[PDB]
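For reference, the structure is listed below as structure tokens.
Chains as they are written, first to last, in the entry's author numbering: chain 0, 77 to 232, 248; chain B, 20 to 507; chain G, 1 to 176; chain E, 1 to 100; chain 8, 89 to 231; chain C, 5 to 119; chain 6, 74 to 198; chain A, 66 to 265.
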């Protein structure tokens with residue numbers, strides 16, 4: 077094969093973030109989320125980002141990393157019928173800003189999905205970048221989606 | 020994907036999958052080949068209905084399980100009822116193949132409808148959900164509408180189909196209105212053992228909207244069981260439909276509706292037992308009183324058997340009323356097992372008599388003993404078993420039904436049952452009184468020109484598997500209950 | 001995820017009035033054609049109610065299937081009745097209709113005395129966990145497809161058998 | 001909001017359908033009133049799924065199945081109507097009281 | 089307000105192990121059976137009292153243990169955390185008897201439940217007490 | 005919201021024929037006469053009022069169409085969930101399509117679809 | 074007694090005399106508590122439950138704020154009214170951000186509504 | 066057309082204004098309400114399908130996720146209006162035209178539905194924008210015309226039958242019936258039943 081999958085950069089200077097999504101994907105309107113892109117054919121394979129107001133200055137103000145990540149996965153990011161597990165938790169830091177990227181699987185009795193979620197806190201906002209793929213096709217695309225989750229960046248508005 | 024989760028769950032409904040495969044194979048052969056053969060249709064219907072029981076008996080020892088994501092419950096209670104449905108279909112196929120062939124009509128369609136009604140009756144026996152407690156009896160009721168009007172030319176069958184379709188659209192929509200009321204005031208739950216918890220979670224277990232659901236469900240089920248003023252659909256349909264289909268709807272409909280009533284009054288409606296207990300007591304007392312009183316003023320045999328059925332259903336209702344503690348559900352079966360043989364024998368004799376004779380009026384049954392002593396003997400034995408006469412199955416079945424009623428303190432119900440059983444001797448004796456008339460002047464020309472013919476015929480075997488049962492099960496009423504108290 | 005409040009309530013009242021008019025036309029018209037056309041108004045109003053609540057797939061299914069049903073009903077009412085009979089026009093009133101009007105009024109009063117006495121908003125706040133949708137299933141028709149394919153498998157094939165047998169019985173009974 | 005009014009309308013429909021089921025002198029009209037009753041039940045199911053079942057959508061699926069059953073009934077009759085009209089050349093159901 | 093009078097003797101008291109979610113629990117009897125499985129139907133016996141020790145609900149009133157699908161949010165959050173476990177609460181085992189103190193935010197919240205005909209079953213912001221008893225996992229056949 | 009535009013468009017689409025009827029009523033003249041209001045029957049005076057009463061064997065495809073509409077409605081949610089799930093829904097809907105084909109074959113062979 | 078919320082909403086809306094101010098203030102307090110408890114449902118993006126809650130609490134507040142003016146003394150009755158209007162405006166914005174749902178804007182309007190209702194309770198005392 | 070405007074450009078506008086100024090003629094023998102309601106129902110149910118057509122990635126009035134299924138559902142309603150027009154006119158030609166329209170719709174609703182279902186299966190979504198973008202993934206070779214030729218031909222034939230264009234103009238066949246269901250219709254209603262056809 078040639079050079080790997082080519083990515084396009086989406087930069088929102090008004091909302092002060094920037095990430096990177098596969099160029100094959102198309103923009104679309106996720107319900108209530110600020111930005112979203114999705115694959116043109118495959119389902120449950122998409123990147124989305126919505127932010128909530130907050131008064132904290134960094135993600136470290138949310139408490140211990142693992143505990144708040146687990147409470148967010150169980151309580152907020154998953155429906156009550158979905159069994160959740162976290163397979164990888166990482167922290168990265170650039171320009172004094174920290175991003176918490178964790179990979180989790182939601183296994184409903186009907187269907188199973190896998191997500192890379194990156195949390196950040198800056199500009200008085202709490203960002204929840206999410207990359208999603210179906211579990212059946214997760215192993216093929218995981219690296220090809222991790223580059224998305226490692227590409228999340230938040231700057232000053 | 021895996022196709023596995025459904026594959027392992029698909030083996031749980033393998034006896035029904037055998038019926039579906041036999042149905043599809045019969046339909047494909049009917050479509051593919053122009054010529055029609057009676058023996059092949061006999062073979063396919065039988066081997067569909069004797070391989071489902073073969074697979075079901077192999078599944079008896081297996082663990083109870085809820086499959087298809089809270090849609091199908093397999094346990095000890097529903098397996099017996101599914102076996103009863105299969106037995107009814109197996110003993111009704113010989114009743115149907117001769118009758119529909121002698122009417123010169125297509126028979127593959129009749130066998131298809133019977134097999135589909137059996138398939139929709141087996142699913143109703145274990146239907147652990149509210150959607151499939153609606154879809155499965157609509158696999159039965161729609162086929163019952165397609166049946167009982169399959170005659171298509173008699174002016175009686177059209178009116179019977181009109182009455183059946185209109186009254187069963189009146190019911191099974193009140194039933195679903197009750198289902199909607201029960202589903203709404205519960206928190207969006209439809210699985211049978213999950214809405215009492217949902218009712219407490221929403222704290223609506225004493226809501227006025229729960230009484231509406233209970234009443235509507237009881238009405239929609241008492242239409243199908245036909246006790247009490249939900250009985251008017253029965254006699255006309257029983258009087259203006261072909262005899263094999265009405266025998267099927269006499270034995271198969273009551274088994275499935277009894278199973279649904281037991282699984283809908285105990286699992287999701289145990290908190291309000293003091294209401295549906297009263298409803299069932301009224302529904303049973305009125306049933307025996309107004310099914311045994313009108314049957315003694317009947318001039319037609321099928322209509323008299325209709326009033327007979329709506330009388331005998333009230334005896335079975337006592338088994339639900341007493342509950343599972345003082346036996347109860349163990350007295351529903353070991354009497355429904357009796358009732359199947361009683362009614363199928365007393366309908367097989369009617370089938371043979373009508374085919375060789377061409378009549379339905381009771382007055383034309385005079386002098387059958389002189390012509391065919393075997394048929395008169397068999398019909399008399401079936402009718403005396405129907406009346407609860409001592410050495411025959413109905414007597415021990417009724418004393419089993421009344422022992423649990425007395426043990427539960429229901430003196431009024433047992434007293435009404437005994438009085439109505441006394442009333443239920445004058446008929447089942449009137450027919451015999453006609454059968455033993457040696458007066459040649461009172462003998463109708465319908466039986467004067469009666470040819471028994473030197474061949475056995477299939478119905479003779481089918482009711483010889485029955486008349487020897489309603490008399491010789493009277494010692495074997497200790498083997499049956501130990502299979503029916505084992506369920507819980 | 002709804003219309004503005006006053007608009008929603010006005011649409012509820014307007015579609016309810018249209019539904020009442022259609023049902024009254026159904027139960028007061030002598031001609032099966034006229035009452036069928038009133039039934040069509042009822043069908044359209046009910047589909048609009050489904051669109052109002054959240055059901056964008058059930059409304060379309062109702063429109064398609066019930067529009068086919070009413071078209072077939074009009075065809076078979078034309079074919080199985082006497083002359084066109086515009087003069088029939090609101091069949092006459094008998095005592096047998098007057099008693100059943102009282103019975104149905106009593107039944108409707110019994111239902112509405114329960115509907116008006118039950119706090120339906122109180123049940124909603126108790127079923128909180130039943131209203132937390134999966135975030136990946138944005139499309140409501142996608143959720144209905146998933147829950148039709150997985151949760152309800154046995155009715156999904158039972159309805160296929162029912163439809164096949166109903167087709168066969170309709171062909172066999174209605175053939176000349 | 002006044003969403004409960006929908007329930008009221010459903011009840012009304014049921015009663016009206018019930019009324020139209022009894023005073024029917026035409027079995028096609030009786031079938032239409034059966035459709036009316038099933039439609040009222042479906043309205044109850046859909047509004048209850050909106051109220052309490054925003055995720056599982058069990059009421060919507062039940063509504064789809066009830067529509068399927070109603071169409072199956074609408075296919076079985078008027079085929080029964082066809083047989084009746086071929087044999088008797090009349091539709092009025094109260095006039096047929098042979099079995100009584 | 090709409091409390092049905094049920095006369096039942098009290099259960100032995102406890103010291104309540106408060107958790108992060110606000111639930112309090114104690115192990116009156118530690119079950120020796122299988123722990124409460126996820127997405128499974130279980131039969132338990134409970135005696136639900138309000139504050140001031142007035143009982144408003146009981147599975148003994150209906151005569152049989154209640155069957156619920158545990159672990160998937162089909163009951164109040166306090167009952168799910170008490171039975172299924174999680175967040176510092178060990179799961180209950182078969183035969184185990186446990187006391188539970190559900191705060192209002194883990195129960196029905198500031199909204200009364202079961203409101204009809206001029207009264208409600210549960211008042212607003214009510215702390216509930218549950219003497220739950222894990223009878224077992226649901227089976228189609230009883231002994 | 006994605007559905008208030010639907011309601012506004014439906015209201016406008018219903019209003020348009022009302023506007024056309026009102027404009028025709030306020031613009032076009034009325035000149036009614038007893039010959040003009042008679043039903044058109046190619047010049048000759050119409051006989052008895054309309055009405056045809058087709059045969060049943062002609063209009064027996066409608067009973068097939070009622071069932072087939074339900075089958076095609078049921079096939080849509082499976083197609084919407086074909087990608088999220090896998091071969092399980094393929095096996096599930098294969099029986100649906102096979103039953104549809106068998107019913108079509110039955111209608112073809114029995115002469116229901118013959119005119 | 075419970076004084077409200079014990080029957081169907083349309084019956085209490087159209088076939089009930091109304092609430093005294095001493096019960097209206099309690100309904101204000103209960104509405105504030107429900108708004109405080111709505112945060113978890115707001116975070117789980119359940120827009121239908123939130124919109125139902127907002128419409129019902131709006132329909133309660135339009136009567137309760139109007140009928141609780143008596144308990145406010147004359148020296149504050151104008152300013153309280155201003156606060157009441159502010160609360161209405163905030164809830165309107167919350168309405169506009171639950172239908173046509175947005176996450177950030179609905180959260181902003183939720184916090185604004187909480188602050189406005191806390192000011193309203195401070196005025197009512 | 067050459068004289069109504071420069072090159073006949075104003076011919077159809079002249080036809081529309083003439084039909085506006087033409088006397089509205091109602092049948093005395095038939096029913097007025099069905100006569101007035103029929104064409105309105107047809108034009109409403111045909112106009113309702115324009116809500117989901119995208120002329121660009123976001124030049125769509127409503128990108129409803131139900132999509133093409135709603136278009137089929139609303140397009141099913143117009144033959145009821147045609148039957149209403151046929152029955153209300155109290156004319157034998159109108160009755161025949163209405164029955165023919167109902168039969169045509171019954172025959173050709175199902176292949177169109179299955180052809181739309183196949184496209185929705187290929188694009189995994191019922192929304193029109195999703196279908197167009199799924200086509201646009203692979204460009205010119207990504208069009209469903211090449212991947213689904215059989216559905217393409219069947220969709221063309223079924224749409225031509227539903228639009229009642231020739232050779233499927235049986236309910237309005239001028240040589241067999243005088244004008245079909247439009248026989249007794251005059252003035253603005255015939256223009257409505259003309260618009261609806263061209264809009265379809």
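By construction, the Cβ of each residue, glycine as well, lies at the ideal position given by its N, Cα and C atoms.
Locate the alpha helix (DSSP H) running through residue i, then write down its first and last residues.
i                     : result
residue 109 (chain B) : 95 to 121
residue 179 (chain 6) : 177 to 197
residue 66 (chain A)  : Note, residue 66 (chain A): premise wrong, no alpha helix (DSSP H); not H, not E.
residue 121 (chain 6) : 120 to 140
residue 206 (chain 0) : Careful: residue 206 (chain 0) lies outside any alpha helix (DSSP H), inside the beta strand (DSSP E) at 201 to 210.
residue 161 (chain 0) : Premise fails: residue 161 (chain 0) lies in the beta strand (DSSP E), 159 to 170, not in any alpha helix (DSSP H).
Please tell me whether residue i and residue j are closer than 8 Å, where the distance is taken between their beta carbons.
i                     : j                     : result
residue 72 (chain B)  : residue 38 (chain B)  : no
residue 176 (chain G) : residue 86 (chain E)  : yes
residue 375 (chain B) : residue 470 (chain B) : yes
residue 96 (chain E)  : residue 178 (chain B) : yes
residue 219 (chain B) : residue 276 (chain B) : no
residue 221 (chain 0) : residue 135 (chain 0) : no
residue 120 (chain 0) : residue 110 (chain 0) : no
residue 183 (chain B) : residue 254 (chain B) : no
residue 131 (chain A) : residue 49 (chain G)  : no
residue 159 (chain G) : residue 111 (chain C) : no
residue 182 (chain A) : residue 98 (chain C)  : no
residue 30 (chain E)  : residue 185 (chain B) : yes
residue 197 (chain B) : residue 236 (chain B) : yes
Please determine whether the Cβ atom of residue i lies at a distance below 7 Å from any heavy atom of the ligand MN.
i                     : result
residue 107 (chain C) : Looking at this structure, you won't find the ligand MN or any other ligand, since it has none at all.
Looking at the unbroken beta strand (DSSP E) that takes in residue i, where does it start and where does it end?
i                     : result
residue 30 (chain E)  : Not the beta strand (DSSP E): residue 30 (chain E) falls in the alpha helix (DSSP H), residues 27 to 52.
residue 465 (chain B) : Segment 464 to 467 is the alpha helix (DSSP H) holding residue 465 (chain B); no beta strand (DSSP E) there.
Under the DSSP definition of a beta bridge, which residues are partnered with residue i?
i                     : result
residue 112 (chain 8) : 106 (chain 8), 189 (chain 8)
residue 156 (chain 8) : 130 (chain 8)
Query - At least three beta-carbon pairs within less than 8 Å, the segment 164 to 184 of chain A to the segment 145 to 154 of chain A - result: Contact between the segment 164 to 184 of chain A and the segment 145 to 154 of chain A is present: 3 or more CB-CB pairs across the two stretches fall below 8 Å.
Query raised in the report: On the three-pair Cβ rule with 8 Å, is the segment 94 to 112 of chain G touching the segment 93 to 113 of chain 6?
Result: no
Requested in this report: Name, going along the chain, the residues of the segment 62 to 94 of chain C whose beta-carbon falls closer than 8 Å to a beta-carbon of chain E.
Outcome: 67, 70, 71, 73, 74, 77, 78
**Report entry** Interface residues of the segment 67 to 100 of chain B facing chain C [CB-CB below 9 Å]
**Finding:** So the list is empty, because no residue satisfies the distance condition.
Query raised in the report: Which residues, in chain order, does the segment 125 to 153 of chain 0 contribute to contact with chain 6 at a C-beta distance below 8 Å?
Result: Cβ contacts with chain 6 come from 126, 127, 128, 129, 151, 152.
Requested in this report: Answer yes if the segment 265 to 275 of chain B comes into contact with the segment 137 to 152 of chain B, meaning at least three C-beta pairs across the two stretches below 8 Å, and no otherwise.
Outcome: yes
Query raised in the report: Counting pairs of beta carbons, one from the segment 152 to 162 of chain 8 and one from the segment 207 to 227 of chain B, are three or more of them closer than 8 Å?
Result: yes
Query raised in the report: Given a limit of 9 Å on CB to CB distance, which residues of the segment 95 to 122 of chain 6 reach chain 0?
Result: 113, 116, 117, 118, 120
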